[PDB]
Amino acid sequence: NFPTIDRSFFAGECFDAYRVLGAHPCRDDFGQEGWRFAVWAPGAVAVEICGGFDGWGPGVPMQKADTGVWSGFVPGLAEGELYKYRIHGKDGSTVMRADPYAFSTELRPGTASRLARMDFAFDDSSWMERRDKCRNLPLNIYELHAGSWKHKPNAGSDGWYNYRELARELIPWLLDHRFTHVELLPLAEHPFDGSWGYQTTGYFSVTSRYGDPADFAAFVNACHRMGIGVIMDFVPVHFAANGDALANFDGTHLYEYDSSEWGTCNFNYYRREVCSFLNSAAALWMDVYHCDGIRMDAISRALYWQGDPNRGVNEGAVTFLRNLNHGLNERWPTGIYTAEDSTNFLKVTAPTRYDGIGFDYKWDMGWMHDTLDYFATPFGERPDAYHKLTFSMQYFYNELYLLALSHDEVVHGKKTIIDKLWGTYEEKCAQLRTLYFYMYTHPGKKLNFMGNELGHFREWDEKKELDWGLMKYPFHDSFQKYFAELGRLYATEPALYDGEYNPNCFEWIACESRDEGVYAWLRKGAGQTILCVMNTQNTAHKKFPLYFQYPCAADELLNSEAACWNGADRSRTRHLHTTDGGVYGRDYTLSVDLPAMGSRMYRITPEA
Ligand SMILES: OC[C@H]1O[C@H](O[C@H]2[C@H](O)[C@@H](O)[C@@H](O[C@H]3[C@H](O)[C@@H](O)[C@@H](O[C@H]4[C@H](O)[C@@H](O)[C@@H](O[C@H]5[C@H](O)[C@@H](O)[C@@H](O[C@H]6[C@H](O)[C@@H](O)[C@@H](O)O[C@@H]6CO)O[C@@H]5CO)O[C@@H]4CO)O[C@@H]3CO)O[C@@H]2CO)[C@H](O)[C@@H](O)[C@@H]1O
Ligand SMILES: OC[C@H]1O[C@H](O[C@H]2[C@H](O)[C@@H](O)[C@@H](O[C@H]3[C@H](O)[C@@H](O)[C@@H](O[C@H]4[C@H](O)[C@@H](O)[C@@H](O[C@H]5[C@H](O)[C@@H](O)[C@@H](O[C@H]6[C@H](O)[C@@H](O)[C@@H](O)O[C@@H]6CO)O[C@@H]5CO)O[C@@H]4CO)O[C@@H]3CO)O[C@@H]2CO)[C@H](O)[C@@H](O)[C@@H]1O
């Protein structure tokens with residue numbers, strides 16, 4: 001007696017299809033220990049369970065239910081044994097395939113599925129009870145590729161850390177830099193290291209590059225024990241086009257549309273069982289591996305036909321994503337669900353009830369493009385481009401925006417963040433401190449790809465670890481300490497982390513200083529006040545006036561050009577007070593010395 005798929009599978013409403021489909025340990029009706037197998041292949045005329053158990057011969061015939069789910073049992077197989085399905089397709093094709101619901105796969109280039117128990121010891125119930133979407137908490141995400149952060153000494157695909165070893169090396173770095181979460185590039189199994197995980201073959205198969213399912217579970221458990229969250233990158237728009245993975249699965253276009261980019265195939269959201277596959281693949285990370293959220297790649301290529309709103313909204317994709325976010329929130333309401341959509345056509349982070357797509361956060365792609373465009377601009381041209389930086393706050397409250405400098409910006413000849421900036425080595429270093437000052441003191445949660453905190457010069461290559469040797473240079477060593485201090489201020493100051501999405505918590509102080517290239521604003525989270533001021537010109541400003549409506553003290557919290565961070569400023573004054581007189585409506589002046597390319601943060605204490 002084989003378990004039946006829940007009817008919700010055929011409704012596109014199943015989030016636990018992996019409890020039935022795939023390979024599972026069980027006893028047959030005669031009490032014999034073995035493994036049951038189930039695969040959805042409704043157009044297939046025959047399917048065999050194949051593996052080492054009969055030396056990769058004819059294998060075990062599966063029985064087809066009128067549901068199109070094939071089932072079979074093999075007695076006595078051990079955890080770790082290899083298997084595949086031989087699928088006799090509607091079109092007369094015969095293809096040996098990885099289990100699409102495999103929980104483990106041999107190391108690429110092998111695709112054989114491995115028998116795996118998915119019963120993991122977690123001791124993170126405390127972490128799970130405390131868990132939050134972080135609307136009014138620090139959310140400071142370290143985006144990481146698991147194969148190219150750090151390699152094992154004296155070895156780099158022989159020199160990969162196991163998930164357990166990676167957790168041991170990574171967690172202290174995250175804690176030291178006040179990162180709250182690691183966002184992993186997709187760990188679903190994939191054949192090509194250089195896809196970075198974005199060309200997926202094994203949606204349920206945590207990649208064997210870095211070890212076994214229990215090793216990844218141990219990674220997540222370790223993060224949770226130390227107060228670190230884990231966000232999984234997820235690829236629901238398209239799958240790798242490999243002929244023996246998901247394409248033409250039953251000898252018909254089953255997972256893909258019955259008729260565009262890369263070596264990938266687009267998922268058919270009008271196929272209910274495909275919606276259940278993707279629901280279940282997202283849920284796997286939350287359920288089996290206790291992940292704290294999902295970042296969904298390339299959502300604009302799902303939302304719009306050919307990724308172009310002018311070609312029309314894909315209403316099937318919109319309903320799929322609304323239903324996916326609904327089901328993830330029903331099961332894991334304190335999970336964090338994110339995407340991006342540079343078209344700004346649909347309301348990505350509005351509740352589905354108000355015709356939104358129901359994501360928690362949206363990457364602010366406009367902020368990233370406009371900010372980097374600005375700091376790439378020659379100093380002489382910045383007065384004309386002044387409002388390139390103020391523009392972000394005109395649309396900021398339209399979505400729940402997350403300020404992201406991701407892996408996509410530091411590859412393919414685009415240059416690393418520091419290498420994008422205009423000027424001399426010294427000017428690039430000074431502006432990099434001010435750029436991240438701006439990122440951490442602009443409202444919205446934060447994401448940074450590994451290497452941003454080192455001031456990396458070399459573009460990301462997944463074949464190489466980060467240039468850890470950069471820390472032998474004062475600039476890079478002091479920079480990663482400065483990055484940690486931004487994290488500490490962000491994590492500890494309610495002005496910065498509380499009420500980020502409340503327009504009453506942000507106020508411009510200097511937003512017309514075009515000639516000077518000076519910007520100043522208040523962050524006013526939780527009734528506390530922090531003044532943020534940055535000079536983006538290559539000349540200092542003496543006693544730059546900032547106009548206040550009330551008299552106040554200002555105590556320096558951060559100086560981006562301090563000796564501490566290899567900066568050029570030696571100023572000693574950290575305590576300022578307003579003078580009486582200013583401009584119409586703002587009768588008080590706080591006068592601040594601004595080093596060339598430098599930023600300062602002040603705690604504001606109003607007079608009573
Ligand atoms: O002060 C505390 C400090 O003490 C120690 O640092 C000392 C350090 O050990 C010692 O060597 C010296 O540092 C000197 C250095 O020796 C000089 O050569 C000079 O370095 C500058 C260099 O000449 C410039 O070319 C420039 O280097 C850039 C490159 O231009 C970039 O392309 C990039 O190259 C790296 C590349 O991206 C990577 O892929 C990889 O191939 O490695 C390349 C570099 O090896 O980055 C570098 C670095 O930004 O700028 C250099 C200045 O930063 O000047 C150095 C400083 O005087 O003296 C140090 C002070 O005593 C200790 O090791 C530190 O941890 C500690 O913080
Ligand atoms: O209380 C009621 C009151 O409210 C409003 O005014 C207030 C305003 O909302 C508030 O932001 C603040 O204003 C500050 C401002 O935020 C500061 O940044 C600062 O602005 C002065 C700036 O530092 C100076 O450089 C100077 O700006 C220059 C530019 O630097 C030049 O590039 C040039 O730009 C022109 C450009 O060349 C042209 O191509 C074209 O683009 O147009 C530009 C002209 O704007 O010239 C300008 C102007 O010389 O002067 C800036 C001030 O104008 O200081 C501000 C305070 O003075 O406080 C305001 C007062 O409460 C509302 O507008 C008022 O009517 C109302 O009374």
# chains A, B, ... in the order shown; residues from 1 in each chain; ligands from 1
call {"tool": "residues_near_ligand", "arguments": {"ligand": "ligand 1", "cutoff": "10 Å", "atoms": "only C-alpha atoms and all ligand atoms", "output": "list in words"}}
result
residues 416, 419, 425, 426, 429, 454, 455, 456, 457, 458, 459, 460, 466, 467, 468, 469, 470, 471, 472, 473, 474, 475, 476, 477, 478, 479, 481, 565 and 566 of chain A
call {"tool": "write_last_selection", "arguments": {"atoms": "C-alpha atoms", "output": "mmCIF file, in the first residue's frame"}}
result
data_model
loop_
_atom_site.group_PDB
_atom_site.id
_atom_site.type_symbol
_atom_site.label_atom_id
_atom_site.label_comp_id
_atom_site.auth_asym_id
_atom_site.auth_seq_id
_atom_site.Cartn_x
_atom_site.Cartn_y
_atom_site.Cartn_z
ATOM 1 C CA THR A 416 33.812 45.757 -7.613
ATOM 2 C CA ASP A 419 36.554 50.084 -8.368
ATOM 3 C CA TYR A 425 43.117 55.224 -4.797
ATOM 4 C CA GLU A 426 42.817 57.596 -1.754
ATOM 5 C CA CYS A 429 38.889 54.617 -0.229
ATOM 6 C CA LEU A 454 36.754 43.906 2.636
ATOM 7 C CA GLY A 455 36.719 46.729 0.014
ATOM 8 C CA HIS A 456 37.540 43.936 -2.511
ATOM 9 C CA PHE A 457 39.268 45.111 -5.774
ATOM 10 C CA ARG A 458 39.063 41.775 -7.716
ATOM 11 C CA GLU A 459 35.685 40.833 -9.290
ATOM 12 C CA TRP A 460 33.937 37.769 -7.807
ATOM 13 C CA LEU A 466 37.890 35.998 -1.288
ATOM 14 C CA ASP A 467 41.269 37.832 -1.153
ATOM 15 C CA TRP A 468 41.649 37.386 2.672
ATOM 16 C CA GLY A 469 45.275 38.615 2.180
ATOM 17 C CA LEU A 470 43.822 42.141 1.610
ATOM 18 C CA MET A 471 43.730 42.425 5.441
ATOM 19 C CA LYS A 472 47.583 42.621 5.425
ATOM 20 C CA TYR A 473 46.956 46.203 4.006
ATOM 21 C CA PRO A 474 45.931 48.948 6.519
ATOM 22 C CA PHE A 475 43.135 50.267 4.215
ATOM 23 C CA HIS A 476 41.329 46.865 3.940
ATOM 24 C CA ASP A 477 41.973 45.833 7.591
ATOM 25 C CA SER A 478 40.670 49.204 8.939
ATOM 26 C CA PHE A 479 37.806 49.128 6.350
ATOM 27 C CA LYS A 481 36.535 47.180 11.162
ATOM 28 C CA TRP A 565 39.493 53.869 9.496
ATOM 29 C CA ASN A 566 42.710 55.037 7.674
#
call {"tool": "residues_near_ligand", "arguments": {"ligand": "ligand 2", "cutoff": "10 Å", "atoms": "only C-alpha atoms and all ligand atoms", "output": "PyMOL selection string"}}
result
chain A and resi 382-387+507-521+544-549+582-587
call {"tool": "write_last_selection", "arguments": {"atoms": "C-alpha atoms", "output": "compact mmCIF listing (two decimals), in the first residue's frame"}}
result
# COMPACT_ATOMS: atom_id res chain seq x y z
CA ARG A 382 28.34 66.32 -9.22
CA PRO A 383 26.55 69.70 -8.66
CA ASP A 384 24.36 68.99 -11.78
CA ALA A 385 23.80 65.35 -10.57
CA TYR A 386 23.03 66.36 -6.90
CA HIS A 387 19.38 65.12 -6.93
CA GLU A 507 13.61 64.31 7.77
CA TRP A 508 15.90 66.15 5.27
CA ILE A 509 18.17 68.81 6.93
CA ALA A 510 20.34 69.71 3.87
CA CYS A 511 18.84 68.61 0.50
CA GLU A 512 19.62 71.60 -1.83
CA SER A 513 23.45 71.92 -1.25
CA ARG A 514 24.31 71.18 -4.93
CA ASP A 515 27.59 73.22 -5.16
CA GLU A 516 28.90 71.65 -1.89
CA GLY A 517 27.66 68.08 -2.65
CA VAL A 518 26.45 67.93 0.99
CA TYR A 519 23.42 65.86 2.10
CA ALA A 520 22.07 65.81 5.69
CA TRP A 521 19.03 64.13 7.27
CA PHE A 544 28.94 73.99 7.16
CA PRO A 545 25.58 75.25 8.54
CA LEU A 546 22.74 72.73 9.24
CA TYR A 547 19.45 74.51 10.11
CA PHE A 548 17.37 73.12 13.03
CA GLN A 549 13.88 74.19 14.26
CA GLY A 582 19.46 80.28 11.12
CA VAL A 583 16.97 80.66 8.20
CA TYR A 584 13.17 81.28 7.89
CA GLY A 585 11.35 78.50 9.86
CA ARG A 586 14.69 77.04 11.18
CA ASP A 587 16.03 79.54 13.79
call {"tool": "select_by_dssp", "arguments": {"residues": "segment 202-325 of chain A", "states": "strand (DSSP E or B)", "output": "PyMOL selection string"}}
result
chain A and resi 202-206+229-234+238-240+256+264-267+293-296+304+313
call {"tool": "closest_atom_pairs", "arguments": {"of": "segment 83-105 of chain A", "to": "segment 42-61 of chain A", "cutoff": "6 Å", "atoms": "only C-alpha atoms", "output": "tab-separated table"}}
result
residue	atom	partner	partner_atom	distance
A:83	CA	A:51	CA	4.1
A:84	CA	A:50	CA	5.2
A:85	CA	A:49	CA	5.0
A:86	CA	A:48	CA	5.1
A:87	CA	A:47	CA	4.7
A:88	CA	A:46	CA	5.1
A:89	CA	A:44	CA	4.5
A:90	CA	A:43	CA	5.2
call {"tool": "residues_around", "arguments": {"residues": "segment 366-375 of chain A", "least_positions_apart": "6", "cutoff": "6 Å", "atoms": "only C-alpha atoms", "output": "list in words"}}
result
residues 388, 392 and 421 of chain A
call {"tool": "write_last_selection", "arguments": {"atoms": "N, CA and C atoms", "output": "mmCIF file, in the first residue's frame"}}
result
data_model
loop_
_atom_site.group_PDB
_atom_site.id
_atom_site.type_symbol
_atom_site.label_atom_id
_atom_site.label_comp_id
_atom_site.auth_asym_id
_atom_site.auth_seq_id
_atom_site.Cartn_x
_atom_site.Cartn_y
_atom_site.Cartn_z
ATOM 1 N N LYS A 388 20.407 63.145 -8.010
ATOM 2 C CA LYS A 388 20.547 61.692 -8.294
ATOM 3 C C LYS A 388 20.483 60.928 -6.964
ATOM 4 N N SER A 392 15.959 58.779 -4.390
ATOM 5 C CA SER A 392 15.570 57.509 -3.723
ATOM 6 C C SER A 392 14.477 57.769 -2.677
ATOM 7 N N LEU A 421 34.076 53.598 -8.198
ATOM 8 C CA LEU A 421 34.045 54.979 -7.662
ATOM 9 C C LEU A 421 35.073 55.830 -8.412
#
call {"tool": "residues_around", "arguments": {"residues": "residue 522 of chain A", "least_positions_apart": "3", "cutoff": "10 Å", "atoms": "only C-alpha atoms", "output": "VMD selection string"}}
result
chain A and resid 441 to 442 495 to 496 505 to 510 525 528 to 533 601 to 604
call {"tool": "closest_residue", "arguments": {"among": "A:251, A:80, A:243, A:307", "to": "residue 208 of chain A", "atoms": "only C-alpha atoms"}}
result
A:80
call {"tool": "residues_around", "arguments": {"residues": "segment 575-581 of chain A", "least_positions_apart": "2", "cutoff": "6 Å", "atoms": "only C-alpha atoms", "output": "ChimeraX atom specification"}}
result
/A:551-555,573,587-590
call {"tool": "atom_distance", "arguments": {"atom1": "atom CA of residue 415 of chain A", "atom2": "atom CA of residue 428 of chain A"}}
result
12.8 Å
call {"tool": "closest_atom_pairs", "arguments": {"of": "segment 454-539 of chain A", "to": "segment 157-171 of chain A", "cutoff": "10 Å", "atoms": "only C-alpha atoms", "output": "JSON lines"}}
result
{"residue": "A:463", "atom": "CA", "partner": "A:157", "partner_atom": "CA", "distance": 7.9}
{"residue": "A:464", "atom": "CA", "partner": "A:157", "partner_atom": "CA", "distance": 9.6}
{"residue": "A:465", "atom": "CA", "partner": "A:160", "partner_atom": "CA", "distance": 9.6}
call {"tool": "write_last_selection", "arguments": {"atoms": "C-alpha atoms", "output": "tab-separated table (two decimals), in the first residue's frame"}}
result
chain	number	residue	atom	x	y	z
A	463	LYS	CA	36.52	29.30	-8.61
A	464	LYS	CA	38.44	31.50	-6.08
A	465	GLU	CA	37.98	32.32	-2.37
call {"tool": "closest_atom_pairs", "arguments": {"of": "segment 62-175 of chain A", "to": "segment 294-301 of chain A", "cutoff": "12 Å", "atoms": "only C-alpha atoms", "output": "Markdown table"}}
result
| residue | atom | partner | partner_atom | distance |
| --- | --- | --- | --- | --- |
| A:133 | CA | A:294 | CA | 11.7 |
| A:141 | CA | A:295 | CA | 11.5 |
| A:143 | CA | A:295 | CA | 10.6 |
call {"tool": "atom_distance", "arguments": {"atom1": "atom CA of residue 284 of chain A", "atom2": "atom CA of residue 4 of chain A"}}
result
19.1 Å
call {"tool": "residues_around", "arguments": {"residues": "residue 262 of chain A", "least_positions_apart": "2", "cutoff": "12 Å", "atoms": "only C-alpha atoms", "output": "list in words"}}
result
residues 195, 198, 199, 238, 239, 240, 241, 242, 260, 264, 265 and 266 of chain A
call {"tool": "write_last_selection", "arguments": {"atoms": "N, CA, C and O atoms", "output": "tab-separated table (two decimals), in the first residue's frame"}}
result
chain	number	residue	atom	x	y	z
A	195	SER	N	27.17	28.70	-12.77
A	195	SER	CA	25.77	29.20	-12.73
A	195	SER	C	25.51	29.82	-11.36
A	195	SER	O	24.48	30.50	-11.22
A	198	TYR	N	22.04	29.23	-10.06
A	198	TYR	CA	20.86	29.86	-10.73
A	198	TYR	C	20.37	29.02	-11.91
A	198	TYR	O	19.35	29.39	-12.49
A	199	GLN	N	21.07	27.93	-12.25
A	199	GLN	CA	20.57	26.94	-13.25
A	199	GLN	C	20.37	25.61	-12.53
A	199	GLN	O	21.32	24.82	-12.41
A	238	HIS	N	12.75	29.65	-13.80
A	238	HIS	CA	13.26	28.72	-14.83
A	238	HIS	C	14.16	27.68	-14.20
A	238	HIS	O	14.64	27.88	-13.09
A	239	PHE	N	14.38	26.60	-14.94
A	239	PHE	CA	15.20	25.45	-14.52
A	239	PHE	C	16.25	25.19	-15.60
A	239	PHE	O	16.06	25.61	-16.75
A	240	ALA	N	17.34	24.52	-15.23
A	240	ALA	CA	18.41	24.15	-16.18
A	240	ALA	C	17.79	23.31	-17.30
A	240	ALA	O	16.98	22.43	-17.00
A	241	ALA	N	18.23	23.53	-18.54
A	241	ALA	CA	17.63	22.90	-19.75
A	241	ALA	C	18.17	21.47	-19.97
A	241	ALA	O	17.69	20.83	-20.91
A	242	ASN	N	19.09	20.98	-19.14
A	242	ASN	CA	19.69	19.62	-19.26
A	242	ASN	C	18.60	18.60	-19.59
A	242	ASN	O	17.63	18.47	-18.81
A	260	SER	N	13.39	30.40	-23.68
A	260	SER	CA	13.57	31.73	-24.33
A	260	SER	C	15.01	32.23	-24.13
A	260	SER	O	15.62	32.64	-25.14
A	264	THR	N	18.22	27.53	-20.10
A	264	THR	CA	17.13	27.30	-19.12
A	264	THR	C	15.79	27.12	-19.84
A	264	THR	O	15.67	27.46	-21.03
A	265	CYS	N	14.82	26.58	-19.11
A	265	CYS	CA	13.41	26.45	-19.53
A	265	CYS	C	12.52	27.16	-18.51
A	265	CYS	O	12.74	26.97	-17.31
A	266	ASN	N	11.51	27.88	-18.97
A	266	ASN	CA	10.57	28.59	-18.07
A	266	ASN	C	9.55	27.60	-17.52
A	266	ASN	O	8.99	26.80	-18.30
call {"tool": "atom_distance", "arguments": {"atom1": "atom CA of residue 380 of chain A", "atom2": "atom CA of residue 414 of chain A"}}
result
23.2 Å
call {"tool": "closest_residue", "arguments": {"among": "A:309, A:499, A:358, A:138", "to": "residue 343 of chain A", "atoms": "only C-alpha atoms"}}
result
A:309
